[PDB]
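**Q** start-v6.cif is reproduced in full below (mmCIF, C-alpha atoms).
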data_data
#
loop_
_atom_site.group_PDB
_atom_site.id
_atom_site.type_symbol
_atom_site.label_atom_id
_atom_site.label_comp_id
_atom_site.auth_asym_id
_atom_site.auth_seq_id
_atom_site.Cartn_x
_atom_site.Cartn_y
_atom_site.Cartn_z
ATOM 1 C CA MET A 1 53.691 71.088 68.898
ATOM 2 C CA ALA A 2 53.617 69.638 72.409
ATOM 3 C CA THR A 3 50.017 70.223 73.456
ATOM 4 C CA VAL A 4 48.861 72.866 70.944
ATOM 5 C CA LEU A 5 47.968 76.342 72.212
ATOM 6 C CA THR A 6 44.375 77.362 71.665
ATOM 7 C CA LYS A 7 43.265 80.972 71.548
ATOM 8 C CA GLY A 8 41.291 80.530 74.768
ATOM 9 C CA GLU A 9 44.237 79.240 76.759
ATOM 10 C CA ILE A 10 46.190 82.435 76.134
ATOM 11 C CA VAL A 11 43.390 84.679 77.403
ATOM 12 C CA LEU A 12 42.829 82.421 80.418
ATOM 13 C CA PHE A 13 46.531 82.738 81.231
ATOM 14 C CA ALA A 14 46.298 86.534 81.134
ATOM 15 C CA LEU A 15 43.168 86.569 83.285
ATOM 16 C CA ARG A 16 44.783 84.270 85.848
ATOM 17 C CA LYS A 17 48.102 86.097 86.102
ATOM 18 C CA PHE A 18 46.467 89.174 87.658
ATOM 19 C CA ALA A 19 43.921 87.398 89.891
ATOM 20 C CA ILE A 20 40.777 88.181 87.923
ATOM 21 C CA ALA A 21 39.389 84.693 87.187
ATOM 22 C CA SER A 22 41.199 81.690 88.649
ATOM 23 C CA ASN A 23 40.648 78.827 91.070
ATOM 24 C CA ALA A 24 43.573 79.802 93.314
ATOM 25 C CA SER A 25 42.611 83.292 94.354
ATOM 26 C CA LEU A 26 38.910 83.330 95.094
ATOM 27 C CA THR A 27 36.609 81.879 92.394
ATOM 28 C CA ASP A 28 34.754 82.711 89.196
ATOM 29 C CA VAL A 29 34.882 83.585 85.462
ATOM 30 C CA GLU A 30 32.605 85.522 82.933
ATOM 31 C CA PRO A 31 31.627 84.762 79.307
ATOM 32 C CA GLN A 32 31.791 88.284 77.833
ATOM 33 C CA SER A 33 35.299 88.873 79.153
ATOM 34 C CA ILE A 34 36.332 85.893 77.000
ATOM 35 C CA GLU A 35 34.972 87.199 73.696
ATOM 36 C CA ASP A 36 36.448 90.617 74.439
ATOM 37 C CA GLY A 37 39.806 89.057 75.262
ATOM 38 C CA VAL A 38 39.888 86.905 72.140
ATOM 39 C CA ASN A 39 39.024 89.848 69.893
ATOM 40 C CA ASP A 40 41.731 91.914 71.590
ATOM 41 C CA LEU A 41 44.210 89.106 70.952
ATOM 42 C CA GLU A 42 43.222 88.983 67.284
ATOM 43 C CA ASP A 43 43.694 92.734 66.854
ATOM 44 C CA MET A 44 47.046 92.625 68.658
ATOM 45 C CA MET A 45 48.260 89.833 66.392
ATOM 46 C CA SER A 46 47.128 91.808 63.357
ATOM 47 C CA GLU A 47 49.145 94.789 64.571
ATOM 48 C CA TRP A 48 52.235 92.698 65.317
ATOM 49 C CA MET A 49 52.720 92.036 61.604
ATOM 50 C CA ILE A 50 54.468 95.425 61.482
ATOM 51 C CA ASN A 51 56.826 96.050 64.353
ATOM 52 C CA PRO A 52 57.812 92.623 65.777
ATOM 53 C CA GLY A 53 57.036 90.906 62.474
ATOM 54 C CA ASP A 54 55.255 87.667 61.736
ATOM 55 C CA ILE A 55 55.603 84.891 64.307
ATOM 56 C CA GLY A 56 53.269 82.329 62.768
ATOM 57 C CA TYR A 57 49.853 83.287 64.135
ATOM 58 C CA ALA A 58 46.881 81.601 62.457
ATOM 59 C CA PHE A 59 44.192 84.110 61.528
ATOM 60 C CA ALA A 60 40.537 83.394 60.878
ATOM 61 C CA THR A 61 39.937 82.529 57.229
ATOM 62 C CA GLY A 62 37.025 84.427 55.828
ATOM 63 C CA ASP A 63 34.911 86.440 58.212
ATOM 64 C CA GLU A 64 33.239 84.163 60.845
ATOM 65 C CA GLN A 65 34.590 84.836 64.359
ATOM 66 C CA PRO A 66 37.804 83.756 66.128
ATOM 67 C CA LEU A 67 36.250 81.519 68.857
ATOM 68 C CA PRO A 68 38.348 80.483 71.881
ATOM 69 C CA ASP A 69 38.591 76.824 70.828
ATOM 70 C CA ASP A 70 40.519 77.557 67.638
ATOM 71 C CA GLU A 71 44.165 76.578 67.345
ATOM 72 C CA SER A 72 46.512 79.552 67.576
ATOM 73 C CA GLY A 73 49.452 78.045 65.703
ATOM 74 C CA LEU A 74 52.028 79.682 67.974
ATOM 75 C CA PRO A 75 54.941 77.669 69.366
ATOM 76 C CA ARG A 76 54.830 77.145 73.102
ATOM 77 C CA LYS A 77 58.006 79.232 73.478
ATOM 78 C CA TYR A 78 56.007 82.448 72.931
ATOM 79 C CA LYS A 79 53.031 82.088 75.246
ATOM 80 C CA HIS A 80 54.444 84.057 78.181
ATOM 81 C CA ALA A 81 55.416 86.975 75.943
ATOM 82 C CA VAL A 82 52.059 87.029 74.168
ATOM 83 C CA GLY A 83 50.113 86.619 77.401
ATOM 84 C CA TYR A 84 51.947 89.388 79.223
ATOM 85 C CA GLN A 85 51.515 91.808 76.326
ATOM 86 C CA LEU A 86 47.810 90.976 76.149
ATOM 87 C CA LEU A 87 47.409 91.457 79.906
ATOM 88 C CA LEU A 88 49.059 94.866 79.662
ATOM 89 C CA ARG A 89 46.683 95.890 76.892
ATOM 90 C CA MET A 90 43.500 94.614 78.572
ATOM 91 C CA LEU A 91 44.156 95.640 82.191
ATOM 92 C CA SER A 92 42.354 98.977 81.824
ATOM 93 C CA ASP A 93 39.012 97.296 81.091
ATOM 94 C CA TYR A 94 38.716 96.542 84.810
ATOM 95 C CA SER A 95 40.310 99.843 85.904
ATOM 96 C CA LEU A 96 43.537 98.403 87.283
ATOM 97 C CA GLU A 97 47.188 99.353 87.090
ATOM 98 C CA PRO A 98 50.120 96.945 86.816
ATOM 99 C CA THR A 99 52.646 96.497 89.579
ATOM 100 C CA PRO A 100 56.374 96.913 88.876
ATOM 101 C CA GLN A 101 57.076 93.174 89.008
ATOM 102 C CA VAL A 102 54.494 92.491 86.300
ATOM 103 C CA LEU A 103 56.109 95.134 84.102
ATOM 104 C CA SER A 104 59.531 93.583 84.664
ATOM 105 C CA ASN A 105 58.262 90.119 83.730
ATOM 106 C CA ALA A 106 56.588 91.494 80.616
ATOM 107 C CA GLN A 107 59.779 93.223 79.518
ATOM 108 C CA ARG A 108 61.902 90.105 80.077
ATOM 109 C CA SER A 109 59.534 87.902 78.075
ATOM 110 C CA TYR A 110 59.340 90.457 75.271
ATOM 111 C CA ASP A 111 63.132 90.631 75.122
ATOM 112 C CA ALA A 112 63.316 86.850 74.850
ATOM 113 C CA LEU A 113 60.867 87.008 71.942
ATOM 114 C CA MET A 114 62.855 89.798 70.267
ATOM 115 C CA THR A 115 66.113 87.843 70.524
ATOM 116 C CA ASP A 116 64.643 84.961 68.514
ATOM 117 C CA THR A 117 63.756 86.986 65.411
ATOM 118 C CA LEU A 118 66.884 89.057 64.653
ATOM 119 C CA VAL A 119 68.241 89.576 61.128
ATOM 120 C CA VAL A 120 71.204 92.014 61.072
ATOM 121 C CA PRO A 121 70.943 92.575 57.310
ATOM 122 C CA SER A 122 74.716 92.544 56.527
ATOM 123 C CA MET A 123 75.136 95.231 53.836
ATOM 124 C CA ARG A 124 76.797 94.296 50.509
ATOM 125 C CA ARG A 125 79.264 95.755 48.000
ATOM 126 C CA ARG A 126 78.140 98.565 45.759
ATOM 127 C CA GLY A 127 78.416 97.910 42.039
ATOM 128 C CA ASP A 128 81.028 100.366 40.848
ATOM 129 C CA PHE A 129 83.565 98.806 43.215
ATOM 130 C CA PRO A 130 86.334 96.964 41.335
ATOM 131 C CA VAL A 131 87.289 93.392 42.057
ATOM 132 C CA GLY A 132 91.034 93.048 42.023
ATOM 133 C CA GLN A 133 93.281 91.243 39.592
ATOM 134 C CA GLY A 134 94.058 88.807 42.397
ATOM 135 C CA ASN A 135 90.990 86.671 41.752
ATOM 136 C CA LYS A 136 91.320 86.493 37.972
ATOM 137 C CA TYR A 137 88.140 88.066 36.668
ATOM 138 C CA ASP A 138 89.080 87.108 33.114
ATOM 139 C CA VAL A 139 89.213 83.285 33.228
ATOM 140 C CA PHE A 140 87.901 81.841 36.513
ATOM 141 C CA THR A 141 84.984 84.187 37.091
ATOM 142 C CA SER A 142 83.459 86.848 34.874
ATOM 143 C CA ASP A 143 82.359 90.443 35.319
ATOM 144 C CA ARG A 144 85.061 92.455 36.948
ATOM 145 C CA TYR A 145 83.301 94.909 39.300
ATOM 146 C CA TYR A 146 80.823 93.536 41.827
ATOM 147 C CA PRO A 147 77.193 93.001 40.785
ATOM 148 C CA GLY A 148 75.942 94.510 44.030
ATOM 149 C CA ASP A 149 72.271 94.066 43.193
ATOM 150 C CA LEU A 150 70.393 90.838 42.401
ATOM 151 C CA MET B 1 91.619 64.916 -0.763
ATOM 152 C CA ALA B 2 92.980 68.413 -1.328
ATOM 153 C CA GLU B 3 92.099 71.644 -3.176
ATOM 154 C CA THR B 4 88.441 71.220 -4.151
ATOM 155 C CA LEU B 5 88.267 68.089 -1.996
ATOM 156 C CA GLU B 6 87.846 69.699 1.400
ATOM 157 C CA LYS B 7 89.526 66.991 3.488
ATOM 158 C CA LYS B 8 92.325 69.528 3.886
ATOM 159 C CA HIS B 9 89.829 72.067 5.216
ATOM 160 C CA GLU B 10 88.866 70.038 8.293
ATOM 161 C CA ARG B 11 92.541 69.680 9.161
ATOM 162 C CA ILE B 12 93.043 73.427 8.783
ATOM 163 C CA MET B 13 90.030 74.180 10.978
ATOM 164 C CA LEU B 14 91.151 71.712 13.645
ATOM 165 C CA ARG B 15 94.590 73.310 13.668
ATOM 166 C CA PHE B 16 92.971 76.706 14.183
ATOM 167 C CA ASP B 17 91.189 75.588 17.348
ATOM 168 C CA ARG B 18 94.324 73.856 18.594
ATOM 169 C CA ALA B 19 96.290 77.089 18.161
ATOM 170 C CA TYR B 20 93.580 79.321 19.624
ATOM 171 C CA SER B 21 92.864 77.475 22.869
ATOM 172 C CA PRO B 22 96.145 77.813 24.858
ATOM 173 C CA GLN B 23 96.760 81.479 24.025
ATOM 174 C CA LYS B 24 93.225 82.568 24.900
ATOM 175 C CA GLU B 25 93.530 84.159 28.344
ATOM 176 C CA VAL B 26 96.898 85.754 27.566
ATOM 177 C CA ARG B 27 95.626 87.824 24.640
ATOM 178 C CA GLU B 28 92.553 89.018 26.528
ATOM 179 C CA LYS B 29 94.878 90.859 28.906
ATOM 180 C CA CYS B 30 96.717 92.500 26.000
ATOM 181 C CA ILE B 31 93.475 93.695 24.435
ATOM 182 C CA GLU B 32 92.162 94.923 27.781
ATOM 183 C CA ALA B 33 95.381 96.839 28.431
ATOM 184 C CA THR B 34 95.436 98.594 25.059
ATOM 185 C CA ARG B 35 91.767 99.507 25.425
ATOM 186 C CA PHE B 36 92.353 100.626 29.032
ATOM 187 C CA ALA B 37 95.091 103.034 27.977
ATOM 188 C CA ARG B 38 93.706 104.421 24.711
ATOM 189 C CA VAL B 39 89.903 104.296 24.333
ATOM 190 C CA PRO B 40 88.333 107.392 25.969
ATOM 191 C CA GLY B 41 85.889 105.522 28.188
ATOM 192 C CA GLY B 42 87.865 102.323 28.552
ATOM 193 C CA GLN B 43 88.986 102.679 32.156
ATOM 194 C CA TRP B 44 85.473 101.957 33.466
ATOM 195 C CA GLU B 45 84.495 99.143 31.105
ATOM 196 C CA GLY B 46 82.729 96.363 32.940
ATOM 197 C CA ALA B 47 80.510 98.701 34.944
ATOM 198 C CA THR B 48 79.449 101.481 32.538
ATOM 199 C CA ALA B 49 75.694 101.245 33.168
ATOM 200 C CA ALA B 50 75.475 100.757 36.932
ATOM 201 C CA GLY B 51 73.167 102.512 39.365
#
Is it possible to express this structure as C-alpha cells?

**A**
Amino acid sequence: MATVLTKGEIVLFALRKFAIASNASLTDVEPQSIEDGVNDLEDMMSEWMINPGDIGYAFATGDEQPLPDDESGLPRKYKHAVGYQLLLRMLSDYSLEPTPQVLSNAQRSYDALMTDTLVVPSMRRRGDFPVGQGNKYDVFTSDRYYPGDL
Amino acid sequence: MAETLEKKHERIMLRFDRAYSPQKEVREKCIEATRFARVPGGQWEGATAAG
C-alpha cells in the first residue's frame, strides 16, 4: 500500500495520542515500552481472529520475536481503529484513565472498521420446499424441490 | 437389404428415435400424474431422502 505500516508505527501512534512519548508535548521515549507495546499488539491481533474476524494481519512465522520494524500487512484504512483499541488496552500500564473524547473517537473508529466487514448471511430455501410447475422442473431444469444444501 | 440383411434395422431404429423425441416431455407428465395419484409414497417423490 501507500507507505506500508510497520508494527512500530502503530505503537508509536498510540503512545503519542495520549501524550506519553512525543515531540509535541514535552520530550522522550523508552525502549521497554516498545517491546511491551508490540507484544500487546500481537496478542490483540491473535484475539481478533474470533470476534471482529481476520483483517489481514501478518503474524510472525515460526517463533522468533515480532520486532517493531516488521511489516504489519494492514491497509492504511485501519490504523486509527487498531491504534485506539491498543491504546485502550495499554493505558493501565502507566496508571491512567481515558477521557470521554478518547472513548468517543475509539468507538467511532471501531464502528468504521465494523462497517467494512459485514456479511448478512442471507438464509436459503429448505430442501423439502417444492418448486412450482411454473418453472418447468421436467425439461428446462431438473430436481423439483430445492436442493437447499450444497 | 431386408430380413437377414439388417439394412432395414437401421431404418427401424432411426424411426424409433424420430418418434420418441417430440413426445418426450409430454409423457413424463402423464407418468408423474399417475404415480402421484396411485403409488403410496408418490406425492413426495423428488425429495424422499432430505434432511

**Q** So, with all atoms listed in the file as the atoms that count, which of B:19, B:26, B:9, B:41 lies closest to chain A?

**A** B:26

**Q** Find the nearest atom pair between each residue of chain A and chain B for residues within 8 Å, count only C-alpha atoms, give distances in Å to one decimal, sort rows by chain and ascending number, and present the table as JSON lines.

**A**
{"residue": "A:127", "atom": "CA", "partner": "B:50", "partner_atom": "CA", "distance": 6.5}
{"residue": "A:128", "atom": "CA", "partner": "B:47", "partner_atom": "CA", "distance": 6.2}
{"residue": "A:138", "atom": "CA", "partner": "B:25", "partner_atom": "CA", "distance": 7.2}
{"residue": "A:139", "atom": "CA", "partner": "B:25", "partner_atom": "CA", "distance": 6.6}
{"residue": "A:143", "atom": "CA", "partner": "B:46", "partner_atom": "CA", "distance": 6.4}
{"residue": "A:144", "atom": "CA", "partner": "B:46", "partner_atom": "CA", "distance": 6.1}
{"residue": "A:145", "atom": "CA", "partner": "B:47", "partner_atom": "CA", "distance": 6.4}

**Q** Expand the PyMOL selection byres ((chain A and resi 90) around 12) into the explicit residue set it covers here, and present it as a short mmCIF file (atom, residue, chain, number, x, y, z; two decimals) with C-alpha atoms, in the frame of the given file.

**A**
data_model
loop_
_atom_site.label_atom_id
_atom_site.label_comp_id
_atom_site.auth_asym_id
_atom_site.auth_seq_id
_atom_site.Cartn_x
_atom_site.Cartn_y
_atom_site.Cartn_z
CA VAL A 11 43.39 84.68 77.40
CA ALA A 14 46.30 86.53 81.13
CA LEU A 15 43.17 86.57 83.28
CA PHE A 18 46.47 89.17 87.66
CA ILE A 20 40.78 88.18 87.92
CA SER A 33 35.30 88.87 79.15
CA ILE A 34 36.33 85.89 77.00
CA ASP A 36 36.45 90.62 74.44
CA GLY A 37 39.81 89.06 75.26
CA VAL A 38 39.89 86.90 72.14
CA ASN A 39 39.02 89.85 69.89
CA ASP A 40 41.73 91.91 71.59
CA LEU A 41 44.21 89.11 70.95
CA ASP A 43 43.69 92.73 66.85
CA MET A 44 47.05 92.62 68.66
CA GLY A 83 50.11 86.62 77.40
CA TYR A 84 51.95 89.39 79.22
CA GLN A 85 51.52 91.81 76.33
CA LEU A 86 47.81 90.98 76.15
CA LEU A 87 47.41 91.46 79.91
CA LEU A 88 49.06 94.87 79.66
CA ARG A 89 46.68 95.89 76.89
CA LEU A 91 44.16 95.64 82.19
CA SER A 92 42.35 98.98 81.82
CA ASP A 93 39.01 97.30 81.09
CA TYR A 94 38.72 96.54 84.81
CA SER A 95 40.31 99.84 85.90
CA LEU A 96 43.54 98.40 87.28
CA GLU A 97 47.19 99.35 87.09
CA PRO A 98 50.12 96.94 86.82
#

**Q** Could you state the separation of atom CA of residue 67 of chain A and atom CA of residue 32 of chain A in Å, given to one decimal place?

**A**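 Distance reported for this atom pair: 12.1 Å.
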
**Q** Spell out the residues picked by the PyMOL selection byres ((chain A and resi 54) around 12) here, as a compact mmCIF listing (two decimals) with C-alpha atoms, in the coordinates of the input.

**A**
# COMPACT_ATOMS: atom_id res chain seq x y z
CA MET A 44 47.05 92.62 68.66
CA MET A 45 48.26 89.83 66.39
CA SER A 46 47.13 91.81 63.36
CA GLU A 47 49.14 94.79 64.57
CA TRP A 48 52.24 92.70 65.32
CA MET A 49 52.72 92.04 61.60
CA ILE A 50 54.47 95.42 61.48
CA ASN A 51 56.83 96.05 64.35
CA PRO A 52 57.81 92.62 65.78
CA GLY A 53 57.04 90.91 62.47
CA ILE A 55 55.60 84.89 64.31
CA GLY A 56 53.27 82.33 62.77
CA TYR A 57 49.85 83.29 64.14
CA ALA A 58 46.88 81.60 62.46
CA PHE A 59 44.19 84.11 61.53
CA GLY A 73 49.45 78.04 65.70
CA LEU A 74 52.03 79.68 67.97
CA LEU A 113 60.87 87.01 71.94
CA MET A 114 62.86 89.80 70.27
CA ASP A 116 64.64 84.96 68.51
CA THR A 117 63.76 86.99 65.41

**Q** Please, what distance in Å, to one decimal, runs between atom CA of residue 149 of chain A and atom CA of residue 115 of chain A?

**A**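 A separation of 28.7 Å between them.
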